[PDB]
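Colleague: Data file entry_30.cif (mmCIF, N, CA and C atoms) is appended below.
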```cif
data_upload
#
loop_
_atom_site.label_atom_id
_atom_site.label_comp_id
_atom_site.auth_asym_id
_atom_site.auth_seq_id
_atom_site.Cartn_x
_atom_site.Cartn_y
_atom_site.Cartn_z
N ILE I 307 129.82 79.56 113.43
CA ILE I 307 129.59 80.39 112.26
C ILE I 307 130.92 80.74 111.61
N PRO I 308 131.17 80.25 110.40
CA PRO I 308 132.44 80.57 109.74
C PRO I 308 132.59 82.07 109.55
N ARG I 309 133.83 82.54 109.66
CA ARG I 309 134.16 83.93 109.35
C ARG I 309 134.62 84.10 107.91
N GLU I 310 134.93 83.00 107.22
CA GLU I 310 135.23 83.05 105.80
C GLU I 310 133.99 83.50 105.03
N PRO I 311 134.17 84.05 103.83
CA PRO I 311 133.00 84.28 102.97
C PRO I 311 132.29 82.97 102.65
N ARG I 312 130.97 83.04 102.59
CA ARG I 312 130.10 81.89 102.41
C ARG I 312 129.18 82.15 101.23
N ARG I 313 128.92 81.11 100.45
CA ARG I 313 128.06 81.21 99.28
C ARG I 313 126.69 80.65 99.63
N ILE I 314 125.65 81.48 99.46
CA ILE I 314 124.29 81.14 99.85
C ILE I 314 123.37 81.40 98.67
N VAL I 315 122.48 80.45 98.40
CA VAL I 315 121.49 80.58 97.34
C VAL I 315 120.11 80.63 97.98
N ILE I 316 119.37 81.70 97.71
CA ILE I 316 118.03 81.90 98.25
C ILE I 316 117.04 81.97 97.10
N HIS I 317 115.90 81.32 97.25
CA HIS I 317 114.84 81.38 96.26
C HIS I 317 113.71 82.23 96.83
N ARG I 318 113.35 83.28 96.09
CA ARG I 318 112.37 84.25 96.55
C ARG I 318 111.01 83.58 96.72
N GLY I 319 110.34 83.90 97.82
CA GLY I 319 109.01 83.40 98.08
C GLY I 319 107.98 84.51 98.15
N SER I 320 106.80 84.21 98.68
CA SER I 320 105.75 85.22 98.77
C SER I 320 106.18 86.40 99.63
N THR I 321 106.99 86.16 100.67
CA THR I 321 107.48 87.23 101.52
C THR I 321 108.77 87.86 100.98
N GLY I 322 109.14 87.57 99.74
CA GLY I 322 110.39 88.07 99.20
C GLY I 322 111.54 87.15 99.55
N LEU I 323 112.70 87.72 99.85
CA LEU I 323 113.86 86.92 100.22
C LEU I 323 113.88 86.59 101.71
N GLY I 324 113.08 87.27 102.51
CA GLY I 324 113.01 86.97 103.92
C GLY I 324 114.09 87.60 104.77
N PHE I 325 114.66 88.71 104.33
CA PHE I 325 115.59 89.45 105.18
C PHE I 325 115.59 90.91 104.77
N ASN I 326 116.08 91.75 105.68
CA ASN I 326 116.27 93.17 105.42
C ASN I 326 117.76 93.50 105.44
N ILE I 327 118.12 94.59 104.76
CA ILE I 327 119.49 95.06 104.73
C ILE I 327 119.55 96.46 105.31
N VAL I 328 120.71 96.82 105.84
CA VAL I 328 121.00 98.18 106.25
C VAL I 328 122.33 98.58 105.62
N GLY I 329 122.42 99.85 105.26
CA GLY I 329 123.63 100.38 104.69
C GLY I 329 123.65 101.87 104.86
N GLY I 330 124.60 102.51 104.18
CA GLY I 330 124.71 103.95 104.25
C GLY I 330 125.28 104.51 102.97
N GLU I 331 126.28 105.36 103.09
CA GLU I 331 126.95 105.86 101.91
C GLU I 331 127.98 104.84 101.44
N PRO I 332 128.45 104.96 100.20
CA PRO I 332 129.41 103.98 99.68
C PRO I 332 130.61 103.83 100.61
N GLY I 333 130.97 102.58 100.89
CA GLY I 333 132.08 102.25 101.76
C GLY I 333 131.68 101.87 103.17
N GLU I 334 130.44 102.15 103.58
CA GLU I 334 130.00 101.80 104.92
C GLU I 334 129.62 100.33 105.04
N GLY I 335 129.42 99.63 103.93
CA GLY I 335 129.04 98.24 103.96
C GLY I 335 127.53 98.04 103.92
N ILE I 336 127.14 96.84 103.48
CA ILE I 336 125.75 96.41 103.41
C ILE I 336 125.62 95.19 104.31
N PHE I 337 124.69 95.24 105.26
CA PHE I 337 124.57 94.20 106.27
C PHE I 337 123.13 93.72 106.38
N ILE I 338 122.99 92.45 106.77
CA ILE I 338 121.69 91.88 107.08
C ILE I 338 121.28 92.35 108.47
N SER I 339 120.16 93.07 108.54
CA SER I 339 119.68 93.65 109.79
C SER I 339 118.52 92.88 110.41
N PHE I 340 117.94 91.94 109.69
CA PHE I 340 116.77 91.21 110.16
C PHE I 340 116.54 90.02 109.24
N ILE I 341 116.22 88.87 109.82
CA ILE I 341 115.84 87.68 109.08
C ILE I 341 114.47 87.23 109.56
N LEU I 342 113.55 87.05 108.61
CA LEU I 342 112.18 86.68 108.91
C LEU I 342 112.07 85.20 109.26
N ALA I 343 111.45 84.91 110.40
CA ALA I 343 111.21 83.52 110.77
C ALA I 343 110.32 82.84 109.74
N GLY I 344 110.76 81.68 109.26
CA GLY I 344 110.00 80.92 108.29
C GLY I 344 110.12 81.40 106.86
N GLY I 345 110.85 82.49 106.62
CA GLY I 345 111.07 82.96 105.28
C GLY I 345 112.19 82.22 104.60
N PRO I 346 112.42 82.56 103.33
CA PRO I 346 113.42 81.79 102.55
C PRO I 346 114.82 81.83 103.14
N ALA I 347 115.26 82.98 103.66
CA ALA I 347 116.60 83.05 104.24
C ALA I 347 116.70 82.18 105.48
N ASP I 348 115.66 82.17 106.31
CA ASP I 348 115.68 81.36 107.52
C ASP I 348 115.70 79.87 107.20
N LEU I 349 114.85 79.44 106.27
CA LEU I 349 114.76 78.02 105.96
C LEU I 349 116.09 77.49 105.43
N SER I 350 116.88 78.34 104.77
CA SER I 350 118.20 77.93 104.31
C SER I 350 119.12 77.61 105.48
N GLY I 351 118.93 78.28 106.61
CA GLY I 351 119.79 78.12 107.76
C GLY I 351 121.16 78.73 107.63
N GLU I 352 121.44 79.45 106.55
CA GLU I 352 122.81 79.85 106.25
C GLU I 352 123.11 81.32 106.51
N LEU I 353 122.12 82.20 106.45
CA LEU I 353 122.37 83.62 106.64
C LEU I 353 122.21 84.00 108.11
N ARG I 354 122.86 85.10 108.50
CA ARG I 354 122.82 85.58 109.87
C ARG I 354 122.67 87.09 109.90
N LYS I 355 121.92 87.60 110.87
CA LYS I 355 121.97 89.02 111.17
C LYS I 355 123.40 89.39 111.53
N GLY I 356 123.90 90.48 110.96
CA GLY I 356 125.29 90.86 111.10
C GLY I 356 126.19 90.40 109.97
N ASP I 357 125.68 89.58 109.05
CA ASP I 357 126.41 89.27 107.83
C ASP I 357 126.56 90.52 106.98
N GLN I 358 127.75 90.70 106.40
CA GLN I 358 127.93 91.68 105.34
C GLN I 358 127.64 91.00 104.00
N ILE I 359 126.85 91.67 103.16
CA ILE I 359 126.63 91.20 101.80
C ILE I 359 127.81 91.68 100.96
N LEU I 360 128.64 90.74 100.50
CA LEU I 360 129.76 91.09 99.64
C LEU I 360 129.35 91.15 98.17
N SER I 361 128.41 90.31 97.75
CA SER I 361 127.96 90.35 96.37
C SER I 361 126.60 89.67 96.25
N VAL I 362 125.89 90.06 95.19
CA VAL I 362 124.59 89.51 94.85
C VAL I 362 124.62 89.19 93.36
N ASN I 363 124.46 87.92 93.02
CA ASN I 363 124.52 87.47 91.63
C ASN I 363 125.72 88.08 90.90
N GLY I 364 126.88 88.06 91.57
CA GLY I 364 128.10 88.52 90.94
C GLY I 364 128.26 90.02 90.86
N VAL I 365 127.36 90.79 91.47
CA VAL I 365 127.50 92.23 91.60
C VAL I 365 128.20 92.52 92.93
N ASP I 366 129.38 93.12 92.85
CA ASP I 366 130.15 93.44 94.05
C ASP I 366 129.47 94.57 94.81
N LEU I 367 129.06 94.29 96.05
CA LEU I 367 128.36 95.27 96.86
C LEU I 367 129.17 95.74 98.06
N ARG I 368 130.45 95.36 98.13
CA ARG I 368 131.28 95.74 99.27
C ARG I 368 131.26 97.24 99.50
N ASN I 369 131.35 98.03 98.43
CA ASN I 369 131.41 99.49 98.54
C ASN I 369 130.12 100.16 98.09
N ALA I 370 129.02 99.43 98.05
CA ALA I 370 127.78 99.98 97.53
C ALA I 370 127.06 100.82 98.58
N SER I 371 126.31 101.81 98.09
CA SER I 371 125.34 102.54 98.90
C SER I 371 124.18 101.62 99.28
N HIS I 372 123.47 102.00 100.34
CA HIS I 372 122.24 101.28 100.67
C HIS I 372 121.30 101.23 99.47
N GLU I 373 121.14 102.36 98.78
CA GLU I 373 120.23 102.40 97.64
C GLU I 373 120.71 101.49 96.51
N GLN I 374 122.02 101.49 96.24
CA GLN I 374 122.55 100.62 95.20
C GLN I 374 122.29 99.16 95.52
N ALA I 375 122.49 98.77 96.79
CA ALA I 375 122.28 97.39 97.18
C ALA I 375 120.81 97.01 97.14
N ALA I 376 119.93 97.93 97.56
CA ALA I 376 118.50 97.62 97.57
C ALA I 376 117.99 97.36 96.16
N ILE I 377 118.47 98.14 95.18
CA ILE I 377 118.02 97.94 93.81
C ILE I 377 118.65 96.68 93.23
N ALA I 378 119.90 96.38 93.59
CA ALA I 378 120.52 95.15 93.13
C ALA I 378 119.72 93.93 93.59
N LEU I 379 119.30 93.92 94.86
CA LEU I 379 118.54 92.80 95.38
C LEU I 379 117.16 92.72 94.75
N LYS I 380 116.53 93.88 94.52
CA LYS I 380 115.20 93.90 93.92
C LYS I 380 115.23 93.32 92.51
N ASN I 381 116.32 93.55 91.77
CA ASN I 381 116.43 93.13 90.38
C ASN I 381 117.20 91.83 90.21
N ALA I 382 117.55 91.16 91.30
CA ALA I 382 118.34 89.94 91.22
C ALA I 382 117.54 88.73 90.75
N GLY I 383 116.26 88.90 90.46
CA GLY I 383 115.46 87.79 90.01
C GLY I 383 114.94 86.97 91.17
N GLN I 384 114.52 85.75 90.86
CA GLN I 384 113.84 84.93 91.85
C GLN I 384 114.76 83.90 92.50
N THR I 385 115.96 83.71 91.98
CA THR I 385 117.01 82.95 92.65
C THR I 385 118.22 83.86 92.79
N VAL I 386 118.79 83.93 94.00
CA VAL I 386 119.80 84.92 94.31
C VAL I 386 121.00 84.24 94.96
N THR I 387 122.18 84.44 94.38
CA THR I 387 123.43 84.03 94.99
C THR I 387 123.96 85.18 95.83
N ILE I 388 124.09 84.95 97.13
CA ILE I 388 124.65 85.91 98.06
C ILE I 388 125.99 85.38 98.52
N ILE I 389 127.02 86.21 98.44
CA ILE I 389 128.27 85.96 99.15
C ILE I 389 128.23 86.81 100.41
N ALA I 390 128.23 86.15 101.56
CA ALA I 390 128.08 86.80 102.85
C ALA I 390 129.31 86.52 103.70
N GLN I 391 129.64 87.48 104.57
CA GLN I 391 130.73 87.30 105.51
C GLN I 391 130.30 87.88 106.85
N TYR I 392 130.43 87.09 107.90
CA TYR I 392 129.91 87.47 109.21
C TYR I 392 130.78 88.56 109.82
N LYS I 393 130.19 89.73 110.05
CA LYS I 393 130.92 90.90 110.54
C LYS I 393 130.06 91.65 111.54
N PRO I 394 129.71 91.02 112.66
CA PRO I 394 128.82 91.68 113.62
C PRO I 394 129.42 92.95 114.21
N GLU I 395 130.75 93.02 114.30
CA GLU I 395 131.39 94.21 114.85
C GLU I 395 131.16 95.42 113.96
N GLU I 396 131.20 95.24 112.64
CA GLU I 396 130.91 96.34 111.73
C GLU I 396 129.41 96.61 111.64
N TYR I 397 128.60 95.55 111.62
CA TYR I 397 127.16 95.72 111.55
C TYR I 397 126.65 96.56 112.71
N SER I 398 127.21 96.38 113.90
CA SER I 398 126.63 97.01 115.08
C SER I 398 126.68 98.53 114.99
N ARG I 399 127.57 99.09 114.17
CA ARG I 399 127.56 100.53 113.94
C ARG I 399 126.19 101.03 113.52
N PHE I 400 125.41 100.18 112.84
CA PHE I 400 124.14 100.59 112.27
C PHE I 400 122.95 100.33 113.18
N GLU I 401 123.12 99.55 114.24
CA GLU I 401 122.01 99.07 115.05
C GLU I 401 121.91 99.89 116.32
N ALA I 402 120.76 100.53 116.52
CA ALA I 402 120.53 101.34 117.71
C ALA I 402 120.45 100.46 118.95
#
```
Would it be possible to restate this file's structure as structure tokens?

Modeller:
Amino acid sequence: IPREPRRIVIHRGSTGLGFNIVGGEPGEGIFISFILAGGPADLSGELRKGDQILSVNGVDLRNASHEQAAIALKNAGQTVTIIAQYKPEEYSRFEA
């Protein structure tokens, strides 16, 4: 799994984008907390639990609140460019 930022294109399906995000207040980061088996994110093979979402369709989400990121993803349309960077060490702060 590359640690460099990676460009991923997901096409929304009946189950949505096929992943969940976790975040907090601005600056805590936005991370993929779950990927649905057989959903669009899984079929791409490119996203991982523990990825930080750096941007969505050119919207910088590095310092976004959970709410800001959730609305960005909801309004990103039916094709979504995600810039992701694998950061399981930071993600784990959010996982019980």

Colleague: I'd like the contact shell of residue 383 (chain I) - 12 Å cut-off, only C-alpha atoms, skipping same-chain residues fewer than 4 positions apart - returned as a PyMOL selection string.

Modeller: chain I and resi 315-319+322-323+362-363+377-379+387

Colleague: Dig up all the protein and nucleic acid residues within 8 Å of (113.2, 93.9, 106.1) in the file frame, using all atoms listed in the file, and format them as an MDAnalysis selection string.

Modeller: chainID I and resid 324:327 339:342

Colleague: For each of I:309, I:356, I:321, I:334, take the minimum atom-to-atom distance to residue 371 (chain I), counting all atoms listed in the file, then give the residue where this is smallest.

Modeller: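 Result for the nearest residue to residue 371 (chain I): I:334.
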
Colleague: Using only N, CA and C atoms, pick whichever of I:386, I:347, I:307, I:336 has the shortest atom-to-atom distance to residue 368 (chain I).

Modeller: I:336

Colleague: What parts of region 338-392 of chain I does DSSP call strand (DSSP E or B)? I'd like the answer as a VMD selection string.

Modeller: chain I and resid 338 to 341 357 to 362 365 to 366 385 to 392

Colleague: Could you tell me which residues the PyMOL selection byres (((chain I and resi 329 and name CA) around 10) and name CA) grabs in this file, written as a list in words?

Modeller: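 Those residues are residues 327, 328, 330, 331, 332, 333, 334, 335, 336, 337, 338, 339, 358, 369, 370, 371, 372, 373, 374, 375, 376, 397 and 400 of chain I.
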
Colleague: Take the PyMOL selection byres ((chain I and resi 391-393) around 8), apply it to the structure above, and return the hits as a ChimeraX atom specification.

Modeller: /I:307-313,354-361,388-390,394-398

Colleague: Go ahead and compute the interatomic distance for atom N of residue 402 (chain I) and atom C of residue 385 (chain I), in Å to one decimal.

Modeller: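 Computing it gives 29.1 Å between the two atoms.
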
Colleague: By how many Å are atom C of residue 380 (chain I) and atom C of residue 401 (chain I) apart?

Modeller: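 We find that atom C of residue 380 (chain I) and atom C of residue 401 (chain I) lie 25.6 Å from each other.
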
Colleague: By how many Å are atom C of residue 382 (chain I) and CA of residue 351 (chain I) apart?

Modeller: 20.2 Å

Colleague: Pull the alpha helix (DSSP H) assignments for region 311-401 of chain I out of DSSP run on the backbone, and list those residues as a list in words.

Modeller: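 Answer for region 311-401 of chain I restricted to alpha helix (DSSP H) is residues 346, 347, 348, 349, 350, 372, 373, 374, 375, 376, 377, 378, 379, 380, 394, 395, 396 and 397 of chain I.
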
Colleague: To box region 307-316 of chain I, take all atoms listed in the file, fit an axis-aligned box, add 4 Å on each side, and give centre and edge lengths in Å to one decimal, as JSON.

Modeller:
```
{"center_x": 126.1, "center_y": 81.9, "center_z": 105.3, "size_x": 26.2, "size_y": 12.7, "size_z": 24.3}
```

Colleague: Rebuild N, CA, C and O atoms on region 327-352 of chain I, as an mmCIF file, in the coordinates of the input?

Modeller:
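out-v6.cif, freshly written:
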```cif
data_model
loop_
_atom_site.group_PDB
_atom_site.id
_atom_site.type_symbol
_atom_site.label_atom_id
_atom_site.label_comp_id
_atom_site.auth_asym_id
_atom_site.auth_seq_id
_atom_site.Cartn_x
_atom_site.Cartn_y
_atom_site.Cartn_z
ATOM 1 N N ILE I 327 118.120 94.590 104.760
ATOM 2 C CA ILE I 327 119.490 95.060 104.730
ATOM 3 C C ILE I 327 119.550 96.460 105.310
ATOM 4 O O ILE I 327 118.563 97.213 105.278
ATOM 5 N N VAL I 328 120.710 96.820 105.840
ATOM 6 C CA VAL I 328 121.000 98.180 106.250
ATOM 7 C C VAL I 328 122.330 98.580 105.620
ATOM 8 O O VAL I 328 123.235 97.767 105.442
ATOM 9 N N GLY I 329 122.420 99.850 105.260
ATOM 10 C CA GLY I 329 123.630 100.380 104.690
ATOM 11 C C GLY I 329 123.650 101.870 104.860
ATOM 12 O O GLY I 329 122.836 102.446 105.588
ATOM 13 N N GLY I 330 124.600 102.510 104.180
ATOM 14 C CA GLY I 330 124.710 103.950 104.250
ATOM 15 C C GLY I 330 125.280 104.510 102.970
ATOM 16 O O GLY I 330 124.811 104.194 101.874
ATOM 17 N N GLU I 331 126.280 105.360 103.090
ATOM 18 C CA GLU I 331 126.950 105.860 101.910
ATOM 19 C C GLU I 331 127.980 104.840 101.440
ATOM 20 O O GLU I 331 128.347 103.923 102.182
ATOM 21 N N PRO I 332 128.450 104.960 100.200
ATOM 22 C CA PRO I 332 129.410 103.980 99.680
ATOM 23 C C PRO I 332 130.610 103.830 100.610
ATOM 24 O O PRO I 332 131.197 104.812 101.064
ATOM 25 N N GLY I 333 130.970 102.580 100.890
ATOM 26 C CA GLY I 333 132.080 102.250 101.760
ATOM 27 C C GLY I 333 131.680 101.870 103.170
ATOM 28 O O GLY I 333 132.510 101.318 103.905
ATOM 29 N N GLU I 334 130.440 102.150 103.580
ATOM 30 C CA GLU I 334 130.000 101.800 104.920
ATOM 31 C C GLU I 334 129.620 100.330 105.040
ATOM 32 O O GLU I 334 129.506 99.824 106.163
ATOM 33 N N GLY I 335 129.420 99.630 103.930
ATOM 34 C CA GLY I 335 129.040 98.240 103.960
ATOM 35 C C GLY I 335 127.530 98.040 103.920
ATOM 36 O O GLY I 335 126.743 98.914 104.267
ATOM 37 N N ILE I 336 127.140 96.840 103.480
ATOM 38 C CA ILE I 336 125.750 96.410 103.410
ATOM 39 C C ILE I 336 125.620 95.190 104.310
ATOM 40 O O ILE I 336 126.354 94.212 104.140
ATOM 41 N N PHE I 337 124.690 95.240 105.260
ATOM 42 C CA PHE I 337 124.570 94.200 106.270
ATOM 43 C C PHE I 337 123.130 93.720 106.380
ATOM 44 O O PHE I 337 122.183 94.463 106.128
ATOM 45 N N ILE I 338 122.990 92.450 106.770
ATOM 46 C CA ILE I 338 121.690 91.880 107.080
ATOM 47 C C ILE I 338 121.280 92.350 108.470
ATOM 48 O O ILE I 338 121.955 92.068 109.467
ATOM 49 N N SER I 339 120.160 93.070 108.540
ATOM 50 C CA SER I 339 119.680 93.650 109.790
ATOM 51 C C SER I 339 118.520 92.880 110.410
ATOM 52 O O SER I 339 118.161 93.159 111.562
ATOM 53 N N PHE I 340 117.940 91.940 109.690
ATOM 54 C CA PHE I 340 116.770 91.210 110.160
ATOM 55 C C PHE I 340 116.540 90.020 109.240
ATOM 56 O O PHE I 340 116.638 90.162 108.015
ATOM 57 N N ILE I 341 116.220 88.870 109.820
ATOM 58 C CA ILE I 341 115.840 87.680 109.080
ATOM 59 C C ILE I 341 114.470 87.230 109.560
ATOM 60 O O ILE I 341 114.247 87.061 110.759
ATOM 61 N N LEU I 342 113.550 87.050 108.610
ATOM 62 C CA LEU I 342 112.180 86.680 108.910
ATOM 63 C C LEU I 342 112.070 85.200 109.260
ATOM 64 O O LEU I 342 112.506 84.339 108.492
ATOM 65 N N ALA I 343 111.450 84.910 110.400
ATOM 66 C CA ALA I 343 111.210 83.520 110.770
ATOM 67 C C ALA I 343 110.320 82.840 109.740
ATOM 68 O O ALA I 343 109.254 83.358 109.376
ATOM 69 N N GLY I 344 110.760 81.680 109.260
ATOM 70 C CA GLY I 344 110.000 80.920 108.290
ATOM 71 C C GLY I 344 110.120 81.400 106.860
ATOM 72 O O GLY I 344 109.542 80.771 105.968
ATOM 73 N N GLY I 345 110.850 82.490 106.620
ATOM 74 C CA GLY I 345 111.070 82.960 105.280
ATOM 75 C C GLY I 345 112.190 82.220 104.600
ATOM 76 O O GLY I 345 112.866 81.358 105.177
ATOM 77 N N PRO I 346 112.420 82.560 103.330
ATOM 78 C CA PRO I 346 113.420 81.790 102.550
ATOM 79 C C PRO I 346 114.820 81.830 103.140
ATOM 80 O O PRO I 346 115.509 80.804 103.143
ATOM 81 N N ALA I 347 115.260 82.980 103.660
ATOM 82 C CA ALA I 347 116.600 83.050 104.240
ATOM 83 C C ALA I 347 116.700 82.180 105.480
ATOM 84 O O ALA I 347 117.715 81.494 105.682
ATOM 85 N N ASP I 348 115.660 82.170 106.310
ATOM 86 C CA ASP I 348 115.680 81.360 107.520
ATOM 87 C C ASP I 348 115.700 79.870 107.200
ATOM 88 O O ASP I 348 116.462 79.104 107.799
ATOM 89 N N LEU I 349 114.850 79.440 106.270
ATOM 90 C CA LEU I 349 114.760 78.020 105.960
ATOM 91 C C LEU I 349 116.090 77.490 105.430
ATOM 92 O O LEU I 349 116.403 76.309 105.630
ATOM 93 N N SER I 350 116.880 78.340 104.770
ATOM 94 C CA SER I 350 118.200 77.930 104.310
ATOM 95 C C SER I 350 119.120 77.610 105.480
ATOM 96 O O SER I 350 120.007 76.757 105.365
ATOM 97 N N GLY I 351 118.930 78.280 106.610
ATOM 98 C CA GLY I 351 119.790 78.120 107.760
ATOM 99 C C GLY I 351 121.160 78.730 107.630
ATOM 100 O O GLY I 351 121.984 78.563 108.542
ATOM 101 N N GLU I 352 121.440 79.450 106.550
ATOM 102 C CA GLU I 352 122.810 79.850 106.250
ATOM 103 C C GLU I 352 123.110 81.320 106.510
ATOM 104 O O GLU I 352 124.265 81.649 106.765
#
```
